[PDB]
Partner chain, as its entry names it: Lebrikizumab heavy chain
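One chain follows as structure tokens, the form solved without its partner chain.
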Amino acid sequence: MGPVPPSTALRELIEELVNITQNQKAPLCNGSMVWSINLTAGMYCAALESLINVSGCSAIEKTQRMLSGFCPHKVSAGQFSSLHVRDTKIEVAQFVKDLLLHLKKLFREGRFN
């Protein structure tokens, strides 16, 4: 069987992300907040580096693997690409929700990253 197609991976990613945030009573991480990013064609690469700032949260380790599948960006806790602007940090729960609108959005155009 060949790898999972791109559109199929997005649906798998959207369904899994929704499942862990819909049944969440409180922030999955210890209230960890992440830097806001501009949602653009490089959402997976930009979103990944912002998450590299969250450690100890197993609930998102799988998310990190799936996001990498869309962005071969090996980012280290020392290398940063989108955190150039001095924006404010936001709760991870809100970060996923804001990203969720864009995830299903590319599905309508079928243009995956």
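Numbering follows the first chain given and starts at 1.
Unshown form deposited with its partner chain bound; subsequent notes refer to it.
Taking non-hydrogen atoms only, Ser82 never approaches its partner chain to within 4.5 angstroms in the deposited bound form. Although the partner is absent here, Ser32 is a contact residue: one of its heavy atoms lies within 4.5 angstroms of its partner chain in the deposited bound form. Using a 4.5 angstroms threshold between heavy atoms, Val54 counts as touching its partner chain in the deposited bound form. Proximity of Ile60 to its partner chain in the deposited bound form: non-hydrogen atoms within 4.5 Å are present. In the deposited bound form, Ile60, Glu61, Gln64, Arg65, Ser68, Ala77 are the residues of 60-77 with at least one heavy atom within 4.5 Å of its partner chain, listed from first to last.
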